[PDB]
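Visitor: what's the 3D shape of this:
(one chain, ligands or ions: 2)
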Amino acid sequence: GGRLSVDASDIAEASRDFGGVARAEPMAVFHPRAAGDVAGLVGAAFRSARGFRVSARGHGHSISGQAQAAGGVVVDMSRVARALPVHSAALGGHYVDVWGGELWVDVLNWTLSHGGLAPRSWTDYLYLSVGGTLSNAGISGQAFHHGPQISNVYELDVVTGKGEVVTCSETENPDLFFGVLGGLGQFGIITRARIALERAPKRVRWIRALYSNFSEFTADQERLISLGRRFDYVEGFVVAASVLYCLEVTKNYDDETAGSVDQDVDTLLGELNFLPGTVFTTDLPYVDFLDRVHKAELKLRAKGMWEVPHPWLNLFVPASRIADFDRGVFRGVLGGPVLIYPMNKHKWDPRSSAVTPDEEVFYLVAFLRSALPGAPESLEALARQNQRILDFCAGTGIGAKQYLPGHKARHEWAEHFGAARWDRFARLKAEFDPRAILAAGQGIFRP
Ligand SMILES: *Cc1cc2c(cc1C)nc1c(=O)[nH]c(=O)nc-1n2C[C@H](O)[C@H](O)[C@H](O)COP(=O)(O)OP(=O)(O)OC[C@H]1O[C@@H](n2cnc3c(N)ncnc32)[C@H](O)[C@@H]1O
Ligand SMILES: O=C(Nc1cccc(OC(F)(F)F)c1)Nc1cnns1
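Guide: Residues are numbered from 1 along each chain as shown. Ligands and ions are numbered 1, 2, ... in the order given. Below is the structure:
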């Protein structure tokens with residue numbers, strides 16, 4: 001039922017990503033109609049003499065060619081009938097089956113219009129595929145409480161590196177299920193994901209408060225994630241003044257809780273140590289808050305500042321070493337935001353392929369800088385800054401782990417996973433993709 005394409009615009013899009021650096025071209029782009037089409041293509045790759053590379057492309061948000069299939073075939077997973085949300089008395093909640101290539105923005109609109117339901121755990125940007133984020137983790141301000149998106153999925157349909165369609169969960173083929181979650185596309189292509197849902201809030205009380213003291217800022221973020229009155233979202237960012245820290249929190253509400261929202265916010269804020277008179281508040285619908293990054297994208301696109309190189313660096317930093325990151329990186333080493341917020345490791349299932357630091361509390365530190373348009377030297381200076389951040393972590397023994405890892409050397413991947421996790425990862429590759437057909441742009445395995 002699928003269609004192979006050699007259209008120059010199809011090839012060009014499959015040969016690029018948001019990073020704007022890696023440009024490995026496929027021989028063709030495959031447009032599937034259903035899961036069986038994806039199975040057919042991977043099956044032919046597995047059966048072929050040379051064993052050509054096959055990679056699924058979500059929305060192309062990768063930084064360094066992770067979705068590229070050099071001289072092979074890129075599967076354009078972008079979008080037919082959609083499954084309606086379902087209630088389960090056994091799970092004690094709702095779920096929705098979605099196509100692997102579905103964008104989170106389209107999942108949200110579908111679930112809201114069919115029962116006022118929504119996923120519990122997000123990414124900051126909704127124009128990302130379900131298969132794409134589930135192959136990494138999928139993190140935002142809710143992860144401290146609900147865990148990442150890989151902790152909010154009941155079941156998958158996976159097309160393995162042998163072109164076999166497998167239904168998997170915790171109780172059915174758990175090795176493939178847990179391997180695929182945070183598995184960097186190594187063990188198969190997600191064609192279906194069964195997403196956990198909750199009754200969606202109607203509105204959001206979105207708060208920002210400033211700190212000049214890093215010790216007070218991190219102490220407040222750490223207390224907020226341990227919280228039963230609590231915020232529904234906890235993030236933060238580094239701002240140039242010398243250096244300031246912005247705490248970002250939200251309180252979700254609906255018609256029932258509308259009458260208590262003001263007091264709940266005031267109570268929680270009173271316990272914090274932000275700078276007096278630096279509180280900024282917005283009240284807006286739930287969809288609008290979740291789509292806030294798409295609004296920033298439209299403004300950047302109009303200024304020609306979206307289709308520029310993005311040498312993004314994402315680190316998971318153990319909370320015991322975050323203090324050293326202030327004078328060492330934010331005041332030391334250093335257009336674009338620097339995100340910072342802690343998460344709880346216990347909300348992350350240790351059976352998944354996801355790699356986190358060996359500490360109960362760890363931070364995402366996200367360097368989201370854009371290079372100047374049409375200026376290669378800008379990208380080069382930013383790449384040197386990223387290497388200086390990595391050298392700082394190595395030289396001071398910070399047990400940081402990259403999120404969306406950009407490694408390409410075997411010993412670097414071995415160090416990233418550690419011996420036990422590397423052994424599990426390699427064994428899953430021998431079982432599920434022995435010819436190393438899938439997601440070869442990640443640069444982990446060779447045929
Ligand atoms: C560009 C961007 C990315 C981003 C973000 C904001 C922007 C503007 N905000 C994020 C956030 O708040 N939290 C988070 O966890 N991630 C955030 N990101 C990063 C994003 O998650 C990643 O870029 C991720 O790769 C998803 O993006 P996308 O859906 O575009 O997928 P991809 O880049 O094409 O492919 C990524 C890898 O996964 C493999 N792949 C793709 N689809 C599948 C399926 N269906 N099954 C299995 N593997 C799949 C690709 O081959 C590639 O290896
Ligand atoms: O990217 C974000 N958040 C995020 C937040 C604001 C804006 C933004 O995109 C930009 F800068 F282009 F407007 C991304 N979080 C990530 C986590 N992991 N990789 S990226």
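Visitor: all the strands of the stretch 51-200 of the chain, residue numbers only.
Guide: Per DSSP state E, counting those that start in this stretch, the stretch 51-200 of the chain has strands spanning 54-57, 73-76, 86-88, 93-99, 117-118, 153-159, 165-168, 189-199. These are given in chain order.
Visitor: what's near enough to touch the residue lying closest to residue 280 once chain neighbours are set aside?
Guide: Distance criterion Cβ to Cβ, 6 or more residues apart in numbering; nearest residue to residue 280, sequence neighbours excluded, is residue 208 at 4.5 Å. Bear in mind the C-beta positions are built from the backbone N, C-alpha and C, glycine included. Contact partners of residue 208, counting by Cβ atoms under 8 Å, 6 or more residues apart in numbering, are 246, 247, 248, 279, 280, 281.
Visitor: just the ones in strands from these, please.
Guide: 246, 247, 248, 280, 281 (DSSP state E).
Visitor: looking at the residues you listed, which one is closest to residue 373?
Guide: Nearest to residue 373, judged by Cβ to Cβ, of the ones in strands among the contacts of residue 208 is residue 246 at 26.5 Å.
Visitor: hmm, the closest one is touching residue 220, no?
Guide: No. Using Cβ atoms under 8 Å, residue 246 is not in contact with residue 220, being 11.6 Å away.
Visitor: joint contacts of the two?
Guide: Counting by Cβ under 8 Å, 6+ apart, the shared contacts of residue 246 and residue 220 are residue 211.
Visitor: what's the longest helix belonging to the chain packed up against?
Guide: Criterion DSSP state H: the longest helix present in the chain is helix 376-395. With contacts defined as 3 or more Cβ pairs under 8 Å, 6 or more residues apart in numbering; DSSP states H and E, helix 376-395 has these neighbours: strand 313-318, strand 361-367.
Visitor: tell me the gap between that helix and the middle of its chain.
Guide: Helix 376-395 has its C-alpha centroid displaced from the chain centroid by 22 Å (Cα atoms, centre = their mean, to the nearest Å).
Visitor: is there any residue in it that contacts ligand 2?
Guide: No. Helix 376-395 lies apart from ligand 2 when judged by Cβ under 6 Å from any ligand atom; the minimum separation is 13.6 Å.
Visitor: quick one: that helix to strand 313-318, angle?
Guide: Angle of helix 376-395 versus strand 313-318, following axes from the mean of the first three to the mean of the last three Cα atoms, to 10 degrees, is 20 degrees.
Visitor: got the buried residues for helix 376-395?
Guide: Within helix 376-395, the residues scored as buried using 16 or more other Cβ atoms under 10 Å are 378, 379, 382, 385, 386, 389, 390, 392, 393.
Visitor: and the next helix or strand past that helix?
Guide: Using DSSP states H and E, the helix or strand that directly follows helix 376-395 along the chain is strand 401-403.
Visitor: just the buried residues of whatever helix or strand comes next after that next one, please?
Guide: Later in the chain than strand 401-403, the nearest helix or strand by DSSP H and E is helix 410-417. For helix 410-417, the buried set under the neighbour-count rule, 16+ other Cβ under 10 Å, comprises 413, 414, 416, 417.
Visitor: do the same with stretch 23-35
Guide: 24, 26, 28, 29, 30, 31, 32, 35.
Visitor: just to revisit the earlier point, and the helices and strands packed on helix 376-395 as CSV, adding mean neighbour count?
Guide: Shown next, in CSV, are the helices and strands packed on helix 376-395 (neighbours: other Cβ atoms under 10 Å):
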stretch, mean neighbour count
strand 313-318, 21
strand 361-367, 22
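Visitor: could I get the ones you listed as TSV with distance to residue 51?
Guide: Formatted as TSV, the helices and strands packed on helix 376-395 follow (distance: least, Cβ to Cβ, whole Å):
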stretch	distance to residue 51
strand 313-318	31
strand 361-367	36
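Visitor: how about the residues of this protein near ligand 2?
Guide: Residues of the chain lying near ligand 2 by Cβ under 6 Å from any ligand atom: 124, 125, 139, 293, 296, 314, 337, 339, 366, 368, 403, 404.
Visitor: against ligand 1, how distant is the residue most central in space within the chain?
Guide: The C-alpha lying nearest the average C-alpha coordinate of the chain belongs to residue 138 (Cα atoms, centre = their mean; 3.4 Å). Distance from residue 138 to ligand 1, counting by Cβ to the nearest ligand atom, to the nearest Å: 5 Å.
Visitor: what's the answer for residue 124, then?
Guide: Using Cβ to the nearest ligand atom, residue 124 is found at 3 Å from ligand 1.
Visitor: how many neighbours does that residue have?
Guide: Close neighbours of residue 124, defined as other Cβ atoms under 10 Å, add up to 17.
Visitor: you'd agree it is up against residue 291?
Guide: No. With contact defined as Cβ under 8 Å, residue 124 does not reach residue 291; the gap is 10.3 Å.
Visitor: show me what contacts the residue in the chain positioned nearest to ligand 2?
Guide: Residue nearest to ligand 2 within the chain (Cβ to the nearest ligand atom): residue 124, separated by 3.4 Å. The contact partners of residue 124, by Cβ under 8 Å, 6+ apart, come to 140, 141, 235, 292, 293, 339.
Visitor: the third one and residue 248 touch, don't they?
Guide: Right, the one you point to is residue 235. Yes. Under the criterion of Cβ under 8 Å, residue 235 makes contact with residue 248 at 4.5 Å.
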